[PDB]
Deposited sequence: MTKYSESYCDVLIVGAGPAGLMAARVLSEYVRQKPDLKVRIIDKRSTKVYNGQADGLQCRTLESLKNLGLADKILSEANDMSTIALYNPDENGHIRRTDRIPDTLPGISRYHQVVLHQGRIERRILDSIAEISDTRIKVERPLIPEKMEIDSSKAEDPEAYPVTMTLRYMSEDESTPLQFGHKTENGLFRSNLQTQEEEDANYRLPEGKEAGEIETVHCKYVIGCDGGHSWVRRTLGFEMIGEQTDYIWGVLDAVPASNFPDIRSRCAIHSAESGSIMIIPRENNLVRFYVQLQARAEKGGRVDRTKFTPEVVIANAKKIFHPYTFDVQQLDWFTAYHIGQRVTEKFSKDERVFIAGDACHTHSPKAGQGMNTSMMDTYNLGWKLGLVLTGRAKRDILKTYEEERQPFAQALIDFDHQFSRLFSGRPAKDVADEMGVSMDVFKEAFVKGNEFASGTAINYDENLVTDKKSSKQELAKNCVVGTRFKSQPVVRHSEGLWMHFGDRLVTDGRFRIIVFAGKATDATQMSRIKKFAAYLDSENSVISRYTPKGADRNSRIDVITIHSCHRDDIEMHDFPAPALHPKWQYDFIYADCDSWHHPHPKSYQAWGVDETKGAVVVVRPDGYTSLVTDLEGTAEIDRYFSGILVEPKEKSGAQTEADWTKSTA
């Protein structure tokens, strides 16, 4: 056995969706500060497909767009579009009673889509490689065997309070079981697997000696290690929830069926044989979640068994498989922890914190959104740009969301798994009216766009004048609306401008800038920005671009024929030879006036100022005179650079 010892800033344990998103987010900070050492490990080989998800929801897609990942995924993914609801009639034959939209109209410019998890990961990995310049690479197969946390060093910025002992595994150890089935399957990582079996399966066998045992001193550790999280259990964080006896199977197949809505998302409640959810996929595939009749013996859980019950559920429609790519099984159950962090030094995220059914395809989404939230906070802390206290907001924001997810799924999964009521007198059965209602309501939650974080160090409701941007509620995501880029008149979704890279934004709704009184207010605000002690002047390092830490963007309510970019303060709002700063809420060649001030709830004449966090959540709403509020908001979060930019000293480049 080789014994080794090293140091690192962050160790990410697990390279599924949560871990990969953590690495992608952190990659930006490593690029800015190359001596940062971020490592990510995984215990499984890649020889057996190590995935199971396919759905990406609206907010996840908005976030992926801001990471440069959405368009590539969308090039392949399938938009299921419709959810068709089938349930039994008089004679117990299922038929379509209703259709509802798969994405609620107006909720986001992105619709939910589905795509093989491996393809989604490949896109994220490519982005990690690009942003990190190939320096962040998944290390496998490695597995922690010991974690020691020195709580007395939690607040020391120079300390490595977390000692992780890692074992370098052999290929055999890292290979998951397949249970004798010829078709590739996810039984090994289903919740049919116990946590004891999980541990035992990857252990160093009796007799053999480990290749290498590495002692890694870490500033921070993120447990992204799944439902049976070794990190969570080592932390001693209990999970609450119980598993039911409901059992479902999953088939990723190219179907041969005369079912009319085989290519639509569908919920089917059969009279007595269970339910099905149809998730139509890319490349002629369709995924079928098929409820089965009822520990279950995994070697006996075959595709044939799943297919048999599916045919029953589809009756009298036919159902056959032309090709079967993969399958799995799972029980219906919910679990969630109360704690997401020990000392704000070891964090857990994703399935490690919350498990539930796939009826609303929420897990990968939530898990990635957990580390999208944690990652910028840790990134700013590690680069000496933010106060460590911001890390407390990860649990404060993400844990209540996990509880809500579990509560939502607890009801939805049971309604989906129950026998449909025959009439109003069938008390034991599930009401199909109630089910539809739960589905429609659930679609708002499932979108991921309705989150409203409670007041905290990075979310300032108390100092806000919310009425000034009524539809930019502090604590919720800043919603994209169409705008016209002033420079050439390009109509575009403003959300595309909020590239996630560690910067906060100050969105200056400049209002009716052609009005002299209003322009006087805009000028005074710019004079504040240019002042020696403004947030721009004190949080931008000397020599750095003044939009590189806080990105100050102006959206006015005038038509571009009526005012020029150079009529705005330069360079405070109109930076030198740069053209991605001034946007207009106005009519354009190919689109009508988008009424985007109105959609944002901002007065067209007077405007407002809205601060947005690096993860795209609104954190403060004030007026152009509210510079003290802006100042205090940032004082509570950011750390002054050793040498600051200080007062804006450049002459107006539009004259010169």
I have the full deposited sequence and the modelled structure. Can you tell me which residue ranges, counted from 1, have no C-alpha coordinates?
1, 296-301, 664-665
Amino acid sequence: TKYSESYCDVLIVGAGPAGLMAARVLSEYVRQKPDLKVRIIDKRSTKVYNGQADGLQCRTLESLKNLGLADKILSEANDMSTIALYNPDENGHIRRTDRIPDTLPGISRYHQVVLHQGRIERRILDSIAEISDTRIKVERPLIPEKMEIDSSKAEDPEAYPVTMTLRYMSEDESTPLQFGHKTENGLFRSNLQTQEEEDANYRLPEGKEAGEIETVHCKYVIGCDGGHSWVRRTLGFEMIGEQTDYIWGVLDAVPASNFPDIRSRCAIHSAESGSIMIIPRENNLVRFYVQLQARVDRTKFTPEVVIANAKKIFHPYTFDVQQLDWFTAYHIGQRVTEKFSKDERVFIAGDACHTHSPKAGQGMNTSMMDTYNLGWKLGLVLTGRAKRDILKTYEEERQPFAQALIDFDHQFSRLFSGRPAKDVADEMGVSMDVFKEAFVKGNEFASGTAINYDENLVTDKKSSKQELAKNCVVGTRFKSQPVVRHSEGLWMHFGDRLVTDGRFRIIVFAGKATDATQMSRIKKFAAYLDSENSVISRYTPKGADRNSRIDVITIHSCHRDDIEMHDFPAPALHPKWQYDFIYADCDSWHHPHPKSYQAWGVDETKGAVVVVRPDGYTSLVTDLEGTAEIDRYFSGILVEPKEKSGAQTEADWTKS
From here on, numbers count along this sequence of modelled residues.
Quick check: 60-68 versus 31-39, which has the larger average CA B-factor in the record?
31-39
Name the higher of the two by mean Cα B-factor in the PDB entry, 194-202 versus 395-403.
194-202
Entry record, C-alpha B-factors for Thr449, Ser127, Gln243, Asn373; the maximum is at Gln243
Per the coordinate record, which of the options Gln598, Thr622, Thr618, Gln52 holds the highest CA temperature factor?
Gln52
In terms of the chain's CA B-factor thirds, is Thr627 lowest, middle or highest?
middle
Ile582: C-alpha B-factor third of its chain, per the entry, is the lowest
In terms of the chain's CA B-factor thirds, is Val508 lowest, middle or highest?
lowest
Select lowest, middle or highest to describe the third in which the CA B-factor of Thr165 falls within its chain in this entry.
middle
Based on the entry's values, in what third of the chain does the Cα temperature factor of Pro144 lie: lowest, middle or highest?
middle
